[PDB]
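Chain by chain, the residues run as shown.
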Amino acid sequence: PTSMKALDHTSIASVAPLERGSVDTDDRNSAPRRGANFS
Amino acid sequence: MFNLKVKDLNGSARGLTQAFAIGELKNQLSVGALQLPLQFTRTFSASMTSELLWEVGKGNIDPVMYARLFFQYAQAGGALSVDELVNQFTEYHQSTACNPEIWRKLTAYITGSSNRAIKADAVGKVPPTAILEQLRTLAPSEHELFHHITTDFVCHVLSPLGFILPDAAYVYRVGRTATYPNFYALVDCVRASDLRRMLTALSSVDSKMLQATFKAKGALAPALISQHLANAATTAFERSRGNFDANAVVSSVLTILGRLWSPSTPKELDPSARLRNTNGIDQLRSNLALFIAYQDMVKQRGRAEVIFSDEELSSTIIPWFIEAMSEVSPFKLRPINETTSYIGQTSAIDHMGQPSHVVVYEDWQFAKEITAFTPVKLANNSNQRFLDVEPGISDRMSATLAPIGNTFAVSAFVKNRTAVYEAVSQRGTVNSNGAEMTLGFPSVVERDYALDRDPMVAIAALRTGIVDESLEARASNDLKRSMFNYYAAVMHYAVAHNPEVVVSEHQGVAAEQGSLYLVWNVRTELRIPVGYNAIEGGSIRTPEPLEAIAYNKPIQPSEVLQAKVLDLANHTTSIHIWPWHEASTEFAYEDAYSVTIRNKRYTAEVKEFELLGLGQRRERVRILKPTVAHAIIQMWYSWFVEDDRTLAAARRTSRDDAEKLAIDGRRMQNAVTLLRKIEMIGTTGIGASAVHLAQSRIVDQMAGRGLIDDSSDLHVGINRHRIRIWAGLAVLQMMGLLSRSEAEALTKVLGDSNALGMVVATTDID
Amino acid sequence: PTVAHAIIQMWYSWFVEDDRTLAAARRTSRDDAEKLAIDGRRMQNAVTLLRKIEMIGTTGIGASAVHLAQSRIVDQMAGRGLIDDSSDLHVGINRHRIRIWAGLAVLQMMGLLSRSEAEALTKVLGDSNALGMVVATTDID
Amino acid sequence: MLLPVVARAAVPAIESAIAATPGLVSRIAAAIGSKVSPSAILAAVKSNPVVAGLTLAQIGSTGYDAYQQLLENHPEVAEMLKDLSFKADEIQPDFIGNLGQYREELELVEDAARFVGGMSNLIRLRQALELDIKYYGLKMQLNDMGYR
Amino acid sequence: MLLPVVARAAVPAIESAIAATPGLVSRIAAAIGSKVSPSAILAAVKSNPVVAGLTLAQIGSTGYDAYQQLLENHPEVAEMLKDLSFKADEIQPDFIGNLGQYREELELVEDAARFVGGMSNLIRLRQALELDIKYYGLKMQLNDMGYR
Amino acid sequence: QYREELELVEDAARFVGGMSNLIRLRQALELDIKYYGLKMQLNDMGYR
Amino acid sequence: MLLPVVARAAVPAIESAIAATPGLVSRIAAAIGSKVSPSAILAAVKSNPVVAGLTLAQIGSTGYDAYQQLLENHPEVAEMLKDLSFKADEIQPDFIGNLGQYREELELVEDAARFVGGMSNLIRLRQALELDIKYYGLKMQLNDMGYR
Amino acid sequence: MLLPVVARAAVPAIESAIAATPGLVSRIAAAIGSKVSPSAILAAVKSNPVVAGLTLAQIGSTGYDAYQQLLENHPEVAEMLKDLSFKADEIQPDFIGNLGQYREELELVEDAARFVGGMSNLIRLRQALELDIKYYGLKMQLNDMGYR
């Protein structure tokens with residue numbers, strides 16, 4: 001099997017956002033919002 | 001929707017009152033006591049634009065916009081001011097340019113060759129983000145936004161030679177601009193004149209010569225590059241050096257205006273006969289946007305001082321101050337009539353003349369486009385993530401939303417309102433109070449959704465005038481900056497339609513040495529005052545910009561205000577670094593259409609992914625918020641329930657036969673126009689596919705029990721008119737446009753008026 | 001096609017012989033102005049390399065390895081019950097990773113190189129970090 | 001400095017607390033970091049609002065009134081006041097694990113919530129069912145009389 | 001019915017618990033609502049998986065093993081079974097108010113979190129600072145030797 | 001004697017942000033560990 | 001939810017440790033921050049995998065087996081769990097300076113390494129020389145017979 | 001990190017052996033260079049596979065199957081472990097030493113042979129390192145005089 005290991009450990013060029021925020025939102029699932037009753 | 005009692009302005013809305021702007025928290029504000037005549041013929045309005053995504057990585061430098069990035073990074077970023085920023089930029093620029101090594105070391109890296117010439121063929125390629133990585137170590141800074149500006153500088157001189165990879169890309173969002181200058185927005189835009197003269201020197205370096213000597217000779221040492229950069233970067237360092245403090249350019253030149261407006265200026269300090277005659281003061285004398293800026297100035301500093309030489313020096317300041325602003329900037333001078341064009345007014349008149357209610361509203365062009373992106377991480381625990389626009393989800397909604405657009409235009413809301421106050425009002429005068437003034441500002445509520453803030457603190461900011469501290473500074477900085485726009489946007493309006501204005505000087509409580517407030521001359525031709533003033537002479541002189549509105553006749557907005565959507569589609573590859581989770585709404589929905597057929601209950605559930613044509617439920621995708629669309633609908637909801645409330649409030653106490661029948665004449669006529677509108681939404685692409693499915697979950701649920709079929713002569717129609725209505729909410733519910741609570745009350749209103757009962761009554765013949 | 005295996009065997013010999021000397025020539029210098037000439041040379045190769053391999057990947061033999069590499073993972077994944085792939089396998093890294101591995105396969109599926117030689121040729125792109133600093137792909141259709 | 005409106009009411013509140021007991025005078029001198037003399041701190045209060053707040057935190061008995069009114073007088077001191085005055089709330093050893101058991105339970109409510117409507121509705125609906133039966137009879141009867 | 005793979009382990013597990021003590025036999029007969037005779041419930045277990053689960057909830061000592069294996073081969077019952085078997089977790093009187101005090105505090109963490117990165121990072125960064133000083137020296141020295 | 005010291009704070013200040021932030025961040029670290037656990041758990045329940 | 005495959009092994013493993021000694025029950029209650037009652041923590045383990053891991057760190061004797069199996073079926077917690085459970089390794093006062101002396105030495109090996117090849121080769125080549133002489137004779141003789 | 005699959009194979013293997021006899025502490029410290037304590041050597045195993053493979057081969061009663069399991073599960077350690085464990089086979093008086101035992105060794109020579117050159121060259125190179133240090137200095141000095 002070919003080894004892609006070495007190529008796997010890498011870093012990404014870093015950069016800083018102008019306005020910080022939205023950080024912990026990376027992984028979340030909001031479960032759906034219901035509609036109103038009808039009549 | 002914001003209601004104020006114009007009689008007591010102080011209590012109801014202190015944000016828009018002038019008494020607050022010049023520093024009177026207490027009730028008292030001077031009457032038309034002392035005065036000087038004046039005419040404001042010009043103003044500084046921001047150009048009409050809203051935020052756009054602009055990408056910083058590529059080799060170009062567009063000086064106007066990098067300047068704009070500083071505004072946002074420093075100001076809205078939470079930092080002190082762009083002034084302190086730019087200063088720390090030129091200490092940074094002095095560090096690299098005036099330093100001989102730092103231009104060698106990174107031309108050793110990009111060219112690869114320390115001690116010897118490089119041929120013409122053997123020219124490698126170094127990606128832009130690379131050289132940035134190292135420049136970080138050489139000339140370190142606490143602001144990454146500096147390293148980007150130097151990085152794509154060297155990229156610009158080296159681009160022709162081809163030492164760098166083009167392919168890499170990167171992106172930020174520039175911010176929104178206040179339409180009218182706050183005091184500091186002057187100070188900023190003066191420093192940003194320096195900065196723009198900085199960058200225009202960096203930007204303009206061609207290095208064509210270095211390109212010619214490379215071709216013919218065939219090779220060149222780093223000694224030619226590393227000088228030719230160092231010559232460029234020190235041409236920019238020239239142009240920075242020796243500019244005046246913005247803080248003391250403006251602080252003075254708003255004072256020496258402030259002394260030639262105010263009538264009461266002590267002769268001990270009088271702007272002299274020369275500077276009064278200076279070229280350009282004439283023009284800046286009659287300019288409004290400065291005035292309301294001046295009022296701010298004294299609100300804060302409390303005072304003023306002229307440091308600059310009162311004569312010889314201060315006559316080279318002005319021509320420098322004019323050239324800063326006058327030059328293309330975010331702020332460009334315009335005739336005063338134009339900048340308020342979109343505001344419009346309408347009023348409900350008694351028999352005599354005077355206002356009962358009077359409405360002020362911002363017209364809008366409803367935004368008919370919407371986009372949906374899926375966020376994609378670069379690597380685990382990396383915030384670089386860049387989104388992919390997905391067409392075919394968006395083509396649905398924008399072809400769904402386009403039908404909604406035509407039918408909600410704002411003018412049709414107030415055209416509806418005044419039709420209410422015609423019917424509800426008695427026959428008799430209104431002496432009891434000043435006419436209440438309701439003002440729709442969809443822009444207010446709009447800014448609350450993109451910033452995610454309780455509508456109650458936004459309104460209550462205008463009412464009491466103080467901003468709640470409980471919120472984090474990122475909001476307050478966009479809240480106050482907002483609350484100042486409306487203040488300004490009011491006075492440009494009042495002044496535009498009452499060209500006669502008169503400048504007094506407030507000194508009752510002696511809060512500040514120098515103060516100013518306008519007083520309008522408006523000729524009312526009315527018997528009794530609204531608000532409170534003596535209404536003497538057949539004209540009333542009112543310090544409050546609001547009152548001076550109330551006496552206007554109806555006005556039709558001549559220019560639609562324009563929202564415009566943020567654009568993801570264009571640059572797909574570039575990695576988004578700005579947080580996009582603020583402007584993103586999660587997209588998921590569930591609902592059940594319940595009907596009762598022959599004494600049982602049949603419920604059809606439905607999911608949003610089915611409505612869109614998607615076969616599977618995909619979690620990731622996030623609708624980019626439809627703010628201005630949610631702004632308008634929010635308005636139209638609150639004015640609907642408000643109307644329908646005020647009628648059923650009168651309908652009880654009417655005590656007349658002729659009039660009572662005119663109320664129920666109104667409600668019914670109202671509610672079935674309500675419904676014919678929602679039924680119109682049901683025929684839309686999402687409306688269609690919601691219906692087709694709902695009937696189909698109901699059918700196969702009845703499979704087990706054989707029961708007789710309908711006439712459908714009108715039954716197909718009666719059933720049809722009902723199922724559409726429920727589509728109408730479902731589409732509104734699933735997009736952000738209507739919250740679930742207000743969707744219920746909106747059913748209840750349509751429910752008891754038995755609107756549906758009356759809708760069918762037109763489809764039968766008897 | 002031994003004439004072809006001859007050249008590409010040579011190229012891999014010389015190329016590795018470079019980076020052995022530079023990192024050898026760097027640690028000798030013990031002077032800063034030079035070290036950035038070398039550290040600029042290492043990187044400046046490792047992209048020119050990383051582009052050769054990827055440009056190789058675009059070749060039809062190249063492409064057909066790509067398409068098939070993803071396609072089997074997508075369909076392997078859909079059974080596992082989550083489709084988040086489509087977004088993720090096209091990214092800053094994993095579009096390069098699979099791009100390269102298809103570029104080193106085509107060399108190995110031919111005689112042109114030995115699977116141990118490619119394994120080391122990878123390790124050069126590992127340290128030089130040329131990978132992370134590009135973040136941009138070119139498609140030869 | 002210090003705005004006068006705050007001063008007419010604020011100055012005597014502190015002075016009263018000082019005259020009540022000396023033991024506080026040493027405390028505030030430590031917290032604010034001011035000269036122990038009662039005349040000194042009173043000179044500091046007038047000078048800075050931030051300082052004025054920390055004093056009113058040290059004495060909450062009589063002082064709570066002015067403190068709130070000071071919030072209105074200066075937005076900035078209160079904003080930078082909330083941070084300077086802070087105490088870590090002692091956490092119970094059992095708490096975080098004790099919360100772990102309600103994971104199963106709260107997810108049950110939110111299933112019931114979404115169905116009904118806002119949480120406010122469900123609290124109502126719960127009462128409607130818990131409500132005595134006669135009432136259902138009562139309401140039926142008013143409808144029998146043609147009232148609704 | 002019940003899948004054999006489960007049933008193989010399930011049946012003797014229950015039968016063992018029965019043989020251990022009679023007191024359980026009466027309990028399960030009450031919960032499942034089946035004839036008290038040990039032969040009856042054992043006939044019911046085989047018939048329905050839902051029933052099989054409730055039995056294994058009644059006896060957790062020896063039975064927990066099979067239950068999980070039942071849960072594997074039957075994701076279907078998993079939802080239904082979770083509902084039928086439920087107990088309200090007794091809540092402490094102090095709890096909800098006791099939580100009210102941490103409102104101020106958690107909002108402080110999430111200000112620090114967003115800045116650093118994911119919560120995982122901040123937990124790391126906190127340790128890095130708390131970490132002994134010598135280590136900073138150690139790492140500096142390896143860089144002195146030219147290691148990276 | 002504090003010349004050496006204050007220049008140290010202002011190096012830490014600029015990094016974090018306004019002085020107000022650093023006073024907060026300092027507390028966040030000094031804060032008890034359990035709280036980090038608490039916040040993690042609310043996120044475990046799906047509360048943001 | 002904890003996956004059953006793990007939970008099957010996990011639950012009795014913990015329960016066994018509890019039954020072994022009470023002294024651990026108080027410890028885990030402190031670390032996880034859960035109600036001290038053995039029934040409580042056992043309710044928490046089932047609820048969260050992260051919690052399940054910290055428990056198995058507290059007891060390593062019998063518990064190490066399940067922990068690894070937990071780690072397999074949950075690569076997710078692996079990162080988070082590694083952070084929450086950490087102890088600063090006590091460093092020896094002599095160490096960092098003691099390492100400073102080997103700077104001269106290791107640079108000598110890496111000069112020899114590059115020449116030969118990978119470090120693996122040099123370890124071999126070193127043995128080849130250290131090897132007894134007769135072997136060189138042996139190999140020569142097989143070549144004398146024709147063997148290669 | 002050490003693969004969890006092989007982890008459950010090695011850890012009971014090395015532990016049972018350590019508790020079986022204390023004498024095995026002589027192996028761990030000799031090659032691996034682990035700390036004197038039985039607890040720390042365990043952490044070394046978990047840390048590195050190479051370290052682990054040298055723990056498995058050294059304790060041979062229960063270990064072989066476990067060692068071969070480690071091999072396949074983490075194949076990079078193959079070349080390393082087989083090499084770092086080598087034991088000289090001394091000498092056979094009889095002519096037919098063969099590949100019976102000496103197989104591994106005569107392989108080893110050839111690698112070393114291949115690298116250096118013709119079989120003679122190595123034996124030469126063997127001696128050059130065996131020569132007294134002085135002879136080097138001699139050759140250098142006779143070079144200094146300008147003789148070569």
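Here is what the cut-offs are and how they apply
- Residues numbered from 1 in each chain as written, not as in the entry; some residues may be left out.
- Chains lettered and ligands numbered in written order.
- Part of a larger assembly, values for the part shown.
- Heavy atoms only, no water.
- UniProt positions renumbered as here; feature names shortened; annotations may be inferred.
- Salt bridge = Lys/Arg side-chain N within 4 Å of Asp/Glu carboxyl O.
- Helix = DSSP H or I, 4+ residues; strand = E, 2+ residues; numbered from the N terminus.
- Buried < 20%, exposed > 50% of the residue type's maximum accessible area, 1.4 Å probe, protein only.
- Domains from an automatic or database assignment.
- Contact = heavy atoms within 4.5 Å.
- Buried area = accessible area lost by both parts, 1.4 Å probe.
- Polar contact = N/O pair within 3.5 Å; in protein donor to acceptor, adjacent residues only side chain to side chain.
- Pairing = 2+ DSSP bridges.
- Nonpolar A, V, L, I, M, F, W, Y, C, P; charged D, E, K, R; others polar.
- Expected span 1.5 Å × (residues − 1).
- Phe/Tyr/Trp six-rings, centres within 6.5 Å; stacked < 30°, edge-to-face > 60°.
- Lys NZ or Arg CZ within 6 Å of the ring centre and 35° of its normal.

By the method listed in its record, cryo-EM, this PDB entry was determined to a resolution of 4.0 Å.

The PDB entry lists chain D under the name Major outer capsid protein, from Pseudomonas phage phi6. Here the PDB entry's recorded title is "dsRNA bacteriophage phi6 nucleocapsid". Turning to chain D, the UniProt annotation filed under Subunit states: "Homotrimer."

If you look chain C up in the PDB entry, it shows as Major inner protein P1 from Pseudomonas phage phi6.

A. Layout of the pattern of salt bridges. For the coordinates displayed, the defined rule picks out 39 salt bridges over all chains. With its nearest N and O atoms 2.2 Å apart, the salt bridge here joins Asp270 of chain B to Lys267 of chain B. With a closest N to O distance of 3.2 Å, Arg126 of chain D and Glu130 of chain D form a salt bridge. Note that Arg126 of chain D and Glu130 of chain D are positioned in helix α10 (residues 119-130) at a spacing of four residues, about one turn of the helix. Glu130 of chain D matches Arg126 of chain D in its accessibility class, with the two residues each being exposed. Counted as one network, the salt bridges with shared partners bring together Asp26 and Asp27 of chain A together with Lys377 of chain B.

B. Quick peek at the domain arrangement of chain D. The domains assigned to chain D are domain 1 (1-85) and domain 2 (94-148). Just the C-alpha atoms count here: the centres of domain 1 of chain D and domain 2 of chain D sit 48 Å apart.

C. Region of the structure containing the interface of chain C and chain A. If you look at the interface, chain C gives 13 residues, while chain A gives 12 residues. Carbon and sulfur atoms make up 64% of the area that chain C and chain A hide from each other, which totals about 1,200 Å². It is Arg97, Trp101 and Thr122 of chain C that lose the most area in chain C upon contact with chain A, and together they represent 37% of the buried surface on that side. Linking chain C with chain A are one salt bridge, by the criterion used here. Salt-bridge contacts for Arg97 of chain C lead to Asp8 of chain A; the nearest nitrogen and oxygen are separated by 3.2 Å. Our count for the contact surface shared by chain C and chain A stands at four residue pairs in polar contact. At six residues, helix α6 (residues 115-127) of chain C tops the list of elements feeding residues into the side of chain C that touches chain A.

D. A look at the sheet that holds strand β15 (residues 584-586) of chain B. Residue and element names in this part refer to chain B. Sheet architecture is open: four strands sit in the order β10-β9-β18-β15, paired in antiparallel fashion. The sheet is open, and its two edges are formed by β10 (388-389) and β15, each paired on a single side. As defined by bridge partners, strand β9 (residues 372-374) adjoins strand β18 (residues 622-624) across two bridges and the pair is classed as antiparallel. Bridging across to β18, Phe373 finds its partner in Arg622.

E. Looking closely at the arrangement of the chains. No other pair among the 19 pairs of chains in contact exceeds the contact count of chains A and B. Looking at chain B next to chain G, you find no contact at all, with the nearest C-alpha pair sitting 11 Å apart.

F. Highlighting the pairing of strand β16 (residues 589-596) of chain B. The pairing of strand β1 (residues 33-34) of chain A with β16 of chain B spans two bridges and is classified as parallel. When the sheet's bridge partners are listed, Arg34 of chain A is paired in β16 of chain B with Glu590 of chain B. Hairpin geometry of β16 of chain B and strand β17 (residues 601-607) of chain B is characterised by an intervening segment of four residues between the two adjacent antiparallel strands and by a positive phi of about 50 degrees at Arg598 of chain B.

G. Seen up close, the interface of chain A and chain B. In this complex, chain A contributes 26 residues to the contact, which on the side of chain B involves 47 residues. Approximately 3,200 Å² of surface area, both sides summed, lies buried where chain A meets chain B, with 52% of it carried by carbon and sulfur atoms. When residues of chain A are sorted by the area they lose upon contact with chain B, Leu18, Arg33 and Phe38 of chain A head the list and together hold 27% of the total. Applying the counting criterion to the chain A and chain B interface returns two salt bridges. The partner of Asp26 of chain A in a salt bridge is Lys377 of chain B, and the shortest N-O contact between them spans 4.0 Å. In terms of residue class, the side of chain A that touches chain B is built from 10 nonpolar, nine polar and seven charged.

H. Seen up close, helix α21 (residues 473-497) of chain B. If you check α21 of chain B, its first and last C-alpha atoms are 37 Å apart, about what 25 residues at 1.5 Å a residue would give, namely 36 Å. Counting buried positions along α21 of chain B gives 19 out of 25 residues, so the element sits mostly inside the fold.

I. Structural view of the packing of aromatic side chains. Taken as a whole, this structure holds 28 aromatic pairs over all chains when the rule is applied. Both rings, one in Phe70 of chain B and one in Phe146 of chain B, keep their centres 6.2 Å apart while their planes meet at 85 degrees; by these two values the pair is edge-to-face. Pair noted here: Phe70 of chain B is in helix α3 (residues 63-76) and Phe146 of chain B is in helix α7 (residues 144-158), with a separation of 76 residues, a long-range link. Look at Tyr135 of chain G and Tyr102 of chain H: their rings are 6.1 Å apart centre to centre, the planes differ by 45 degrees, and that puts the pair in the tilted class. Remark: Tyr102 of chain H occurs in the loop between α6 (78-84) and α7 (103-116) and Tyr135 of chain G occurs in helix α10 (residues 134-145); the pair is interchain, linking two chains. We note that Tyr135 of chain G, like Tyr102 of chain H, is buried. Here a set of aromatic residues connected by ring pairs shows up, and it is made of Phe95 and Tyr102 of chain D, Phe95 and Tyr102 of chain E together with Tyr35 of chain F. A cation over an aromatic ring shows up here: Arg417 of chain B above the ring of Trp639 of chain B, its NZ or CZ 5.8 Å from the ring centre.

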